[PDB]
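Only one structure is covered here, and it is reproduced in the block below.
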Amino acid sequence: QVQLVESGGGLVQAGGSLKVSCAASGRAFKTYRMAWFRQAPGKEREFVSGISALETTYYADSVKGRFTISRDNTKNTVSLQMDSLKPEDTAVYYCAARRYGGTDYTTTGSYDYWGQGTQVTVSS
Amino acid sequence: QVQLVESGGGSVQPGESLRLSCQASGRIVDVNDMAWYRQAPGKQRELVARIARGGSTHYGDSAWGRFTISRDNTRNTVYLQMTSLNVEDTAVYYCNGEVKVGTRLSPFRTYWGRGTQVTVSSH
Amino acid sequence: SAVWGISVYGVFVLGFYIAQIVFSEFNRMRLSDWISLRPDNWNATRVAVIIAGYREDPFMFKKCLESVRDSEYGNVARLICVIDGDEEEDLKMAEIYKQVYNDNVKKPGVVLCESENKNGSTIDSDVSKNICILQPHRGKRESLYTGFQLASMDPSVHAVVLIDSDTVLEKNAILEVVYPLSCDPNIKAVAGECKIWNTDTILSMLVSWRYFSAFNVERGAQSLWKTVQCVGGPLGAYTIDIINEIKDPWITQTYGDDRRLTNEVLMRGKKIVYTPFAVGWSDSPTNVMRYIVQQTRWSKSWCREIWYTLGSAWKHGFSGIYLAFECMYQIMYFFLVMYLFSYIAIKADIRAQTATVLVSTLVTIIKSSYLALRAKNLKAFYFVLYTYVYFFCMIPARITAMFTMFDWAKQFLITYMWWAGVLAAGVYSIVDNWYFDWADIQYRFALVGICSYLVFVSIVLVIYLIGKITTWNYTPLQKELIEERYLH
Ligand SMILES: CCCCCCCCCCCCCCCCCC(=O)OC[C@H](COP(=O)(O)OCCN)OC(=O)CCCCCCCCCCCCCCCCC
Ligand SMILES: CC(C)CCC[C@@H](C)[C@H]1CC[C@H]2[C@@H]3CC=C4C[C@@H](OC(=O)CCC(=O)O)CC[C@]4(C)[C@H]3CC[C@]12C
Ligand SMILES: CC(=O)N[C@@H]1[C@@H](O[C@@H]2O[C@H](C(=O)O)[C@@H](O)[C@H](O)[C@H]2O)[C@H](O)[C@@H](CO)O[C@H]1O
Ligand SMILES: O=c1ccn([C@@H]2O[C@H](COP(=O)(O)OP(=O)(O)O)[C@@H](O)[C@H]2O)c(=O)[nH]1
Ligand SMILES: [Mn+2]
Ligand SMILES: [Mn+2]
């Protein structure tokens, strides 16, 4: 099993940059597909970005050219670098992991292991 | 038990033919090779010609252009043709054969003949 | 560094194989040009046929002798049969000779090479009759030495055709080995094609196609430049003069025979060709252990003799550059395969393991396609399985030869070590990449590729099983031999 703890994020004005990294303690951080999801006060959880175990990166329609995801299997940390945090980024970011799955990788039920989330705020 | 008939030679003048024919015995499974050895009243016996079932020929030290050997394997016979004889051809000619008797499993046995006297003299 | 390692391997293998194919085709065209313009019923080179055997199968020995006797060459001097005999058990071969040939067995008390008088007159008096000699057991080289002495004491033999005691010659095999000797006054040796006839087992079939490749492609490519490295044991021809010159150094220097003779001809700066129109049917081992033993011996000889071809290349001028490059290629191919396997095993990446497997399969399929086109046979595609044999029967043999040359026991300890290492590497890769992801396109590629490869290999093996059930795999000579042995 894999236990995920978030780190990073906070209060950044509209236009700045930020980084959120989830650290996953587990047997094999080599075969675990990782993803990030955002929960907004006026919305629900949704897929924003993710990276497979073979370093294939998937990005959401709204954040296709905004964020950058990477993973480090030595220190067991997957990081998301956000640039130009405009509104609608004021959300709690959760890091999710999954070893076995199918073609559906966007629905929250696909990923088995979930984190506690880190809050990110944006002020205009 | 096989025998070689031998056609027979005789006394001939220098410079003619002999036509020495050697015919084998009866019950015979195979004949591999047959040769015409010669024994002079001088120094031991020697080889004149040897012929195989496949037509290969092995001649002696004086047969290269004078004596020829023919098989005609229809009746397991051998023929030796003599040309340009000289006074040194007086000898006894022996027929040599390799014959099977019993069956295919029987070994090839070498057999010799009684021989024929050939004398070349101007008398 | 994975894509470069696989692309370089694929180019380095396939380009050299294609160059060898082109050179082989050019050599075959030249030999066919030589065969044309030859007068009908040609026999000019008087030939002495030499057989050396040691406790041979009676049936195969009889077939070999009868194939020699049925040959359609009209200028054969005699058959010289030399046996490491002098014993009671080795008299069965003499009895077979007597029942196919003359009763002209000779049993001297000494071997010719060990005597102050090495002339053959001490054992031979009639140079006309086919002769059988029962030597004391000393080895293949000594029996070949006696054959050379018996053939060279008749001042009419021009060439010697060396064959084994198990080869079934075709009716024109003798004619097609001694003809190239007459086409170039620098050609002193000729190698004939050896074909495997007992393709009733999977190992035997793969080895038969390996022999087809190694003779009709490698040896043809070598023979285009007239620098054939090894004259095949089952069917070779040597001029009598080169035998006279190179016999003594070859006998006063184990399994390097027919490779050290070729080497002596090469250091003398003389040319050697290979003709594909002379076929001799020999057999192949049907056991993996005996195949590994034979390949260990062959690799010992190869690594012992490769250092002489590399120092004698300059005698050939600029045609020896191909010889040197071939030696360097044979040296580097083993190291490339070892390093590539080690990298793919240690790194343990699925998208690279699958890529390597598929590239190797494609290369072997192309090779087998050419083999089927040349042989006019659909069974040549069985060669796609030979990549297993080389990996599991040839690498341990080469490593054992290397670790014996400069250092069960040694023979059968590196084989199990190599197999255990391969199995451990495979298990490590599977255990390190245990996960399923159908969303990833790369995982889809890897899984689909590996499943397709297993399906293809299973289909080929099932085809082989169906062919073996119906006895469709058997060569026509194999069916004839089965019927004849049943008749006996
Ligand atoms: C002719 C062409 C045909 C083309 C189509 C062929 C079919 C295409 C595929 C069709 C769909 C098949 C999908 C796979 C079915 C088997 C997997 C499965 O059903 O179970 C999933 C399994 C994990 O499941 P589980 O742990 O039980 O999770 C709990 C819920 N059951 O997941 C697994 O355990 C997967 C384990 C397999 C991983 C293999 C990774 C290795 C990939 C190749 C590398 C090895 C190369 C060889 C070794 C070389 C060594 C040098
Ligand atoms: C029980 C399981 C875990 C064992 C796993 C088996 C693999 C570790 C072995 C079996 C077949 C082997 C392959 C068989 C043949 C070759 C050819 C070998 O060298 C060649 O490519 C030369 C042949 C050619 O030119 O195509 C490269 C490694 C490879 C792919 C081998 C890689 C290792 C393989 C996949
Ligand atoms: C077919 C061929 O020519 N193989 C070469 C080897 O020749 C073999 O030599 C042994 C022997 O002990 O004399 C015989 O048992 C085999 O029938 C021969 O094929 C040769 O030894 C080897 C040395 O480099 O290379 C082979 O290509
Ligand atoms: O010490 C020996 C060993 C083998 N031979 C003969 O040389 C050939 C070698 O073939 P082998 O039996 O080793 O099997 P192969 O390598 O052809 O598969 C055979 O005709 C042997 O009878 C020999 O004369 N002396
Ligand atoms: Mn044998
Ligand atoms: Mn053999």
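Here's how to read the names in the structure tokens: chain A, B, ... by the order shown, residue numbers from 1 in each chain, ligand numbers from 1 in the order shown.
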Give me, as CSV, each residue of chain C that comes within 7 Å of chain B, together with its shortest interatomic pair and the distance in Å at one decimal, counting only C-alpha atoms, with rows ordered by chain and rising residue number.
```
residue,atom,partner,partner_atom,distance
C:74,CA,B:56,CA,5.3
C:75,CA,B:56,CA,5.7
C:76,CA,B:56,CA,6.5
C:98,CA,B:107,CA,5.4
C:99,CA,B:107,CA,3.9
C:101,CA,B:108,CA,6.4
C:102,CA,B:108,CA,5.7
C:103,CA,B:108,CA,6.1
C:128,CA,B:58,CA,6.4
```
Item to complete: Using DSSP on the backbone coordinates, identify the residues of chain B assigned to strand (DSSP E); present them as a PyMOL selection string.
Response: chain B and resi 10-12+20-23+31-39+45-52+57-59+68-70+77-81+91-99+109-112+116-120
(message) So that I can check the surroundings of residue 68 of chain C, please list as a PyMOL selection string every protein, DNA and RNA residue that reaches within 9 Å of it, counting only C-alpha atoms and ignoring chain neighbours fewer than 5 positions away.
(response) chain C and resi 49+63+79+168-171+174
Write to file, as a PDB file, in the first residue's frame, the residues of the selection just made, with N, CA, C and O atoms.
```pdb
ATOM      1  N   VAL C  49      40.317 -40.634 -52.928  1.00  0.00           N
ATOM      2  CA  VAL C  49      39.297 -40.383 -51.919  1.00  0.00           C
ATOM      3  C   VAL C  49      39.769 -40.963 -50.595  1.00  0.00           C
ATOM      4  O   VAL C  49      40.183 -42.124 -50.531  1.00  0.00           O
ATOM      5  N   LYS C  63      26.410 -46.845 -46.172  1.00  0.00           N
ATOM      6  CA  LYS C  63      25.825 -45.851 -47.064  1.00  0.00           C
ATOM      7  C   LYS C  63      26.890 -44.921 -47.625  1.00  0.00           C
ATOM      8  O   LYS C  63      26.855 -44.573 -48.808  1.00  0.00           O
ATOM      9  N   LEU C  79      40.258 -45.711 -53.555  1.00  0.00           N
ATOM     10  CA  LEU C  79      39.708 -45.321 -52.266  1.00  0.00           C
ATOM     11  C   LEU C  79      40.676 -45.751 -51.173  1.00  0.00           C
ATOM     12  O   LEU C  79      41.000 -46.938 -51.060  1.00  0.00           O
ATOM     13  N   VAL C 168      26.765 -39.100 -46.879  1.00  0.00           N
ATOM     14  CA  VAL C 168      26.201 -39.750 -48.054  1.00  0.00           C
ATOM     15  C   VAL C 168      26.347 -38.761 -49.205  1.00  0.00           C
ATOM     16  O   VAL C 168      25.618 -37.772 -49.285  1.00  0.00           O
ATOM     17  N   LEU C 169      27.296 -39.020 -50.097  1.00  0.00           N
ATOM     18  CA  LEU C 169      27.524 -38.116 -51.212  1.00  0.00           C
ATOM     19  C   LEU C 169      26.441 -38.274 -52.272  1.00  0.00           C
ATOM     20  O   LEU C 169      25.829 -39.334 -52.418  1.00  0.00           O
ATOM     21  N   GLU C 170      26.206 -37.201 -53.015  1.00  0.00           N
ATOM     22  CA  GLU C 170      25.388 -37.292 -54.209  1.00  0.00           C
ATOM     23  C   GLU C 170      26.234 -37.794 -55.373  1.00  0.00           C
ATOM     24  O   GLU C 170      27.465 -37.798 -55.320  1.00  0.00           O
ATOM     25  N   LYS C 171      25.557 -38.215 -56.442  1.00  0.00           N
ATOM     26  CA  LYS C 171      26.254 -38.873 -57.541  1.00  0.00           C
ATOM     27  C   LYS C 171      27.285 -37.972 -58.205  1.00  0.00           C
ATOM     28  O   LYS C 171      28.207 -38.481 -58.850  1.00  0.00           O
ATOM     29  N   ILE C 174      31.693 -35.694 -55.981  1.00  0.00           N
ATOM     30  CA  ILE C 174      33.134 -35.712 -56.222  1.00  0.00           C
ATOM     31  C   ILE C 174      33.490 -34.835 -57.417  1.00  0.00           C
ATOM     32  O   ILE C 174      34.532 -34.172 -57.429  1.00  0.00           O
TER      33      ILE C 174
END
```
Skipping near chain neighbours, those fewer than 2 positions away, what residues fall within 7 Å of segment 3-8 of chain A using only C-alpha atoms, listed as a ChimeraX atom specification? /A:1,10,19-26,114-118
With N, CA and C atoms kept, could you save the residues just selected as an mmCIF file, in the first residue's frame?
```
data_model
loop_
_atom_site.group_PDB
_atom_site.id
_atom_site.type_symbol
_atom_site.label_atom_id
_atom_site.label_comp_id
_atom_site.auth_asym_id
_atom_site.auth_seq_id
_atom_site.Cartn_x
_atom_site.Cartn_y
_atom_site.Cartn_z
ATOM 1 N N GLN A 1 0.828 -1.201 0.000
ATOM 2 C CA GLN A 1 0.000 0.000 0.000
ATOM 3 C C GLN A 1 0.867 1.258 0.000
ATOM 4 N N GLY A 10 -0.205 27.523 -0.508
ATOM 5 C CA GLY A 10 -0.521 28.563 0.450
ATOM 6 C C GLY A 10 -1.220 29.756 -0.168
ATOM 7 N N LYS A 19 4.237 25.540 -6.072
ATOM 8 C CA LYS A 19 4.593 24.140 -6.248
ATOM 9 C C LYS A 19 3.950 23.318 -5.145
ATOM 10 N N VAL A 20 3.333 22.203 -5.524
ATOM 11 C CA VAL A 20 2.729 21.282 -4.567
ATOM 12 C C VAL A 20 3.276 19.890 -4.839
ATOM 13 N N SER A 21 3.831 19.256 -3.811
ATOM 14 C CA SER A 21 4.413 17.930 -3.958
ATOM 15 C C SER A 21 3.773 16.991 -2.952
ATOM 16 N N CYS A 22 3.363 15.811 -3.405
ATOM 17 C CA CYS A 22 2.883 14.784 -2.492
ATOM 18 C C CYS A 22 3.956 13.711 -2.387
ATOM 19 N N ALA A 23 4.274 13.335 -1.154
ATOM 20 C CA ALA A 23 5.247 12.296 -0.862
ATOM 21 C C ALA A 23 4.504 11.010 -0.544
ATOM 22 N N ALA A 24 4.839 9.948 -1.265
ATOM 23 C CA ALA A 24 4.171 8.664 -1.130
ATOM 24 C C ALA A 24 5.143 7.664 -0.526
ATOM 25 N N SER A 25 4.829 7.189 0.673
ATOM 26 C CA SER A 25 5.596 6.138 1.323
ATOM 27 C C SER A 25 4.942 4.804 0.994
ATOM 28 N N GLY A 26 5.712 3.906 0.397
ATOM 29 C CA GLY A 26 5.185 2.622 -0.022
ATOM 30 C C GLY A 26 6.298 1.760 -0.570
ATOM 31 N N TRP A 114 -5.850 7.810 -1.772
ATOM 32 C CA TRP A 114 -6.058 9.249 -1.786
ATOM 33 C C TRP A 114 -5.335 9.902 -0.617
ATOM 34 N N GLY A 115 -4.978 11.173 -0.803
ATOM 35 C CA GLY A 115 -4.323 11.953 0.222
ATOM 36 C C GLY A 115 -5.293 12.832 0.992
ATOM 37 N N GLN A 116 -4.719 13.701 1.826
ATOM 38 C CA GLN A 116 -5.508 14.605 2.653
ATOM 39 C C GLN A 116 -5.699 15.979 2.027
ATOM 40 N N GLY A 117 -4.872 16.351 1.062
ATOM 41 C CA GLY A 117 -5.050 17.609 0.354
ATOM 42 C C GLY A 117 -4.307 18.760 1.003
ATOM 43 N N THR A 118 -3.892 19.707 0.167
ATOM 44 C CA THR A 118 -3.270 20.946 0.608
ATOM 45 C C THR A 118 -4.017 22.117 -0.011
#
```
As a check of understanding: the span from atom CA of residue 353 of chain C to atom 5 (C, counted along the ligand's line) of ligand 2 is 10.7 Å
task = May I have the residues within 9 Å of ligand 3, computed using only C-alpha atoms and all ligand atoms, as an MDAnalysis selection string?
result = chainID C and resid 140:141 164 191 193:194 211 214:215 229:235 254:260 282:284 294:295 297:306
Taking only C-alpha atoms and all ligand atoms into account, produce a table as a tab-separated table in which each residue of chain C with an atom at most 7 Å from an atom of ligand 4 appears once, together with its shortest atom pair and the distance in Å to one decimal, ordered by chain and rising number.
```
residue	atom	partner	partner_atom_place_in_ligand_line	distance
C:52	CA	ligand 4	24 (O)	5.0
C:53	CA	ligand 4	22 (O)	3.3
C:54	CA	ligand 4	22 (O)	3.5
C:55	CA	ligand 4	22 (O)	6.1
C:56	CA	ligand 4	22 (O)	5.9
C:83	CA	ligand 4	24 (O)	6.8
C:84	CA	ligand 4	24 (O)	6.2
C:138	CA	ligand 4	1 (O)	6.8
C:139	CA	ligand 4	1 (O)	3.8
C:140	CA	ligand 4	25 (N)	3.6
C:143	CA	ligand 4	24 (O)	6.3
C:164	CA	ligand 4	20 (O)	4.5
C:165	CA	ligand 4	20 (O)	4.5
C:166	CA	ligand 4	20 (O)	6.5
C:283	CA	ligand 4	18 (O)	6.7
C:284	CA	ligand 4	18 (O)	5.8
C:285	CA	ligand 4	18 (O)	6.5
C:294	CA	ligand 4	16 (O)	7.0
```
Using only N, CA, C and O atoms, please write the residues we just selected to a file, as a PDB file, in the first residue's frame.
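Just written: again09.pdb:
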```
ATOM      1  N   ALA C  52      38.306 -41.226 -43.129  1.00  0.00           N
ATOM      2  CA  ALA C  52      38.830 -41.519 -41.803  1.00  0.00           C
ATOM      3  C   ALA C  52      37.658 -41.677 -40.851  1.00  0.00           C
ATOM      4  O   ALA C  52      36.844 -40.760 -40.708  1.00  0.00           O
ATOM      5  N   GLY C  53      37.576 -42.832 -40.200  1.00  0.00           N
ATOM      6  CA  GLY C  53      36.482 -43.103 -39.294  1.00  0.00           C
ATOM      7  C   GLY C  53      36.984 -43.776 -38.035  1.00  0.00           C
ATOM      8  O   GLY C  53      38.084 -44.327 -37.991  1.00  0.00           O
ATOM      9  N   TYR C  54      36.149 -43.718 -37.003  1.00  0.00           N
ATOM     10  CA  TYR C  54      36.497 -44.308 -35.715  1.00  0.00           C
ATOM     11  C   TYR C  54      35.203 -44.781 -35.060  1.00  0.00           C
ATOM     12  O   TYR C  54      34.433 -43.966 -34.547  1.00  0.00           O
ATOM     13  N   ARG C  55      34.975 -46.091 -35.083  1.00  0.00           N
ATOM     14  CA  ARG C  55      33.793 -46.694 -34.482  1.00  0.00           C
ATOM     15  C   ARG C  55      32.522 -46.046 -35.029  1.00  0.00           C
ATOM     16  O   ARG C  55      31.742 -45.423 -34.307  1.00  0.00           O
ATOM     17  N   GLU C  56      32.336 -46.193 -36.333  1.00  0.00           N
ATOM     18  CA  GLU C  56      31.204 -45.597 -37.022  1.00  0.00           C
ATOM     19  C   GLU C  56      29.988 -46.517 -36.967  1.00  0.00           C
ATOM     20  O   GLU C  56      30.094 -47.717 -36.706  1.00  0.00           O
ATOM     21  N   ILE C  83      41.539 -46.381 -40.678  1.00  0.00           N
ATOM     22  CA  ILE C  83      40.762 -46.624 -39.471  1.00  0.00           C
ATOM     23  C   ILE C  83      41.702 -46.586 -38.277  1.00  0.00           C
ATOM     24  O   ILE C  83      42.783 -47.182 -38.315  1.00  0.00           O
ATOM     25  N   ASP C  84      41.296 -45.882 -37.223  1.00  0.00           N
ATOM     26  CA  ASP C  84      41.980 -46.005 -35.945  1.00  0.00           C
ATOM     27  C   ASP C  84      41.613 -47.344 -35.323  1.00  0.00           C
ATOM     28  O   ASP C  84      40.862 -47.397 -34.345  1.00  0.00           O
ATOM     29  N   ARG C 138      45.369 -43.321 -32.562  1.00  0.00           N
ATOM     30  CA  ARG C 138      46.166 -42.153 -32.208  1.00  0.00           C
ATOM     31  C   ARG C 138      45.375 -40.864 -32.392  1.00  0.00           C
ATOM     32  O   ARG C 138      45.605 -39.883 -31.678  1.00  0.00           O
ATOM     33  N   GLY C 139      44.452 -40.850 -33.349  1.00  0.00           N
ATOM     34  CA  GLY C 139      43.643 -39.671 -33.585  1.00  0.00           C
ATOM     35  C   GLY C 139      43.342 -39.407 -35.044  1.00  0.00           C
ATOM     36  O   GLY C 139      43.893 -40.065 -35.931  1.00  0.00           O
ATOM     37  N   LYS C 140      42.468 -38.433 -35.304  1.00  0.00           N
ATOM     38  CA  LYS C 140      42.079 -38.127 -36.677  1.00  0.00           C
ATOM     39  C   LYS C 140      43.265 -37.634 -37.487  1.00  0.00           C
ATOM     40  O   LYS C 140      43.399 -37.967 -38.670  1.00  0.00           O
ATOM     41  N   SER C 143      45.456 -40.577 -38.777  1.00  0.00           N
ATOM     42  CA  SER C 143      44.823 -41.306 -39.872  1.00  0.00           C
ATOM     43  C   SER C 143      44.834 -40.489 -41.159  1.00  0.00           C
ATOM     44  O   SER C 143      45.095 -41.028 -42.243  1.00  0.00           O
ATOM     45  N   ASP C 164      34.047 -37.683 -44.486  1.00  0.00           N
ATOM     46  CA  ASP C 164      33.866 -38.345 -43.208  1.00  0.00           C
ATOM     47  C   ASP C 164      33.317 -39.751 -43.426  1.00  0.00           C
ATOM     48  O   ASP C 164      33.103 -40.197 -44.553  1.00  0.00           O
ATOM     49  N   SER C 165      33.085 -40.461 -42.329  1.00  0.00           N
ATOM     50  CA  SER C 165      32.569 -41.821 -42.384  1.00  0.00           C
ATOM     51  C   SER C 165      31.053 -41.889 -42.279  1.00  0.00           C
ATOM     52  O   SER C 165      30.500 -42.991 -42.245  1.00  0.00           O
ATOM     53  N   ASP C 166      30.370 -40.750 -42.220  1.00  0.00           N
ATOM     54  CA  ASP C 166      28.921 -40.729 -42.125  1.00  0.00           C
ATOM     55  C   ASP C 166      28.252 -39.931 -43.234  1.00  0.00           C
ATOM     56  O   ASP C 166      27.021 -39.819 -43.232  1.00  0.00           O
ATOM     57  N   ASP C 283      24.871 -35.759 -40.490  1.00  0.00           N
ATOM     58  CA  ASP C 283      23.856 -35.636 -39.456  1.00  0.00           C
ATOM     59  C   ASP C 283      24.261 -34.567 -38.446  1.00  0.00           C
ATOM     60  O   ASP C 283      25.342 -33.980 -38.517  1.00  0.00           O
ATOM     61  N   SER C 284      23.366 -34.316 -37.498  1.00  0.00           N
ATOM     62  CA  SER C 284      23.561 -33.341 -36.441  1.00  0.00           C
ATOM     63  C   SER C 284      23.134 -33.937 -35.109  1.00  0.00           C
ATOM     64  O   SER C 284      22.264 -34.812 -35.071  1.00  0.00           O
ATOM     65  N   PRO C 285      23.738 -33.498 -34.005  1.00  0.00           N
ATOM     66  CA  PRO C 285      23.295 -33.977 -32.692  1.00  0.00           C
ATOM     67  C   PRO C 285      21.855 -33.577 -32.415  1.00  0.00           C
ATOM     68  O   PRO C 285      21.416 -32.480 -32.762  1.00  0.00           O
ATOM     69  N   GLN C 294      29.874 -30.171 -28.263  1.00  0.00           N
ATOM     70  CA  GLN C 294      30.484 -29.991 -29.574  1.00  0.00           C
ATOM     71  C   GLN C 294      30.784 -28.524 -29.840  1.00  0.00           C
ATOM     72  O   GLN C 294      31.842 -28.188 -30.383  1.00  0.00           O
TER      73      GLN C 294
END
```
- Set the cut-off to 7 Å, count only C-alpha atoms and all ligand atoms, and list whatever residues fall near ligand 1 as a ChimeraX atom specification. /A:100 /C:344-345,350,353-354,425-426,429-430,433-436,446-448,450-452,455
Atomic distance atom CA of residue 276 of chain C - atom CA of residue 28 of chain C, expressed in Å with one decimal:
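Computed distance, atom CA of residue 276 of chain C to atom CA of residue 28 of chain C, equals 7.3 Å.
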Exercise. Kindly compile the residues surrounding ligand 2 within 6 Å, counting only C-alpha atoms and all ligand atoms, and format them as a ChimeraX atom specification.
Key: /C:337,341,357,360-361,363-364,387-388,391,422-423,425-427
How would the residues just picked look written out with N, CA, C and O atoms as a compact mmCIF listing (two decimals), in the first residue's frame?
```
# COMPACT_ATOMS: atom_id res chain seq x y z
N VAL C 337 26.18 -8.80 -27.92
CA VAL C 337 25.02 -9.53 -27.41
C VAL C 337 25.06 -9.59 -25.89
O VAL C 337 24.04 -9.38 -25.22
N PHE C 341 22.19 -7.76 -23.60
CA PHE C 341 21.37 -8.52 -22.68
C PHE C 341 21.55 -8.03 -21.25
O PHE C 341 20.57 -7.91 -20.50
N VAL C 357 12.93 -7.51 -28.11
CA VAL C 357 12.38 -8.80 -28.54
C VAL C 357 11.82 -8.69 -29.96
O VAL C 357 12.08 -9.54 -30.81
N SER C 360 14.62 -8.23 -32.64
CA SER C 360 15.29 -9.50 -32.89
C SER C 360 14.42 -10.44 -33.71
O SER C 360 14.90 -11.10 -34.64
N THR C 361 13.13 -10.51 -33.38
CA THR C 361 12.22 -11.38 -34.13
C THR C 361 12.11 -10.95 -35.58
O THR C 361 12.11 -11.79 -36.49
N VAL C 363 14.36 -9.30 -37.37
CA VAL C 363 15.61 -9.60 -38.06
C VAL C 363 15.68 -11.08 -38.42
O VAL C 363 16.03 -11.45 -39.55
N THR C 364 15.33 -11.95 -37.46
CA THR C 364 15.36 -13.38 -37.74
C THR C 364 14.34 -13.77 -38.80
O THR C 364 14.59 -14.67 -39.60
N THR C 387 17.06 -18.44 -32.70
CA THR C 387 17.51 -17.44 -31.74
C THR C 387 17.49 -17.97 -30.32
O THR C 387 18.25 -17.50 -29.47
N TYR C 388 16.62 -18.95 -30.04
CA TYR C 388 16.65 -19.57 -28.73
C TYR C 388 17.91 -20.40 -28.54
O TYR C 388 18.62 -20.25 -27.54
N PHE C 391 20.98 -18.49 -27.89
CA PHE C 391 21.01 -17.86 -26.58
C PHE C 391 21.19 -18.88 -25.46
O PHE C 391 21.74 -18.54 -24.41
N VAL C 422 19.89 -16.14 -16.60
CA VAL C 422 18.84 -15.70 -17.52
C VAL C 422 17.47 -15.78 -16.85
O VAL C 422 16.66 -14.85 -16.94
N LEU C 423 17.20 -16.88 -16.15
CA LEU C 423 15.93 -17.03 -15.46
C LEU C 423 15.77 -15.99 -14.36
O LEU C 423 14.68 -15.43 -14.18
N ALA C 425 17.17 -12.99 -14.29
CA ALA C 425 16.92 -11.70 -14.93
C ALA C 425 15.48 -11.57 -15.39
O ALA C 425 14.85 -10.52 -15.21
N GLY C 426 14.93 -12.64 -15.98
CA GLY C 426 13.54 -12.59 -16.40
C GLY C 426 12.59 -12.41 -15.24
O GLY C 426 11.69 -11.57 -15.28
N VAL C 427 12.78 -13.19 -14.17
CA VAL C 427 11.92 -13.08 -13.01
C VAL C 427 12.03 -11.69 -12.39
O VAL C 427 11.03 -11.12 -11.94
```
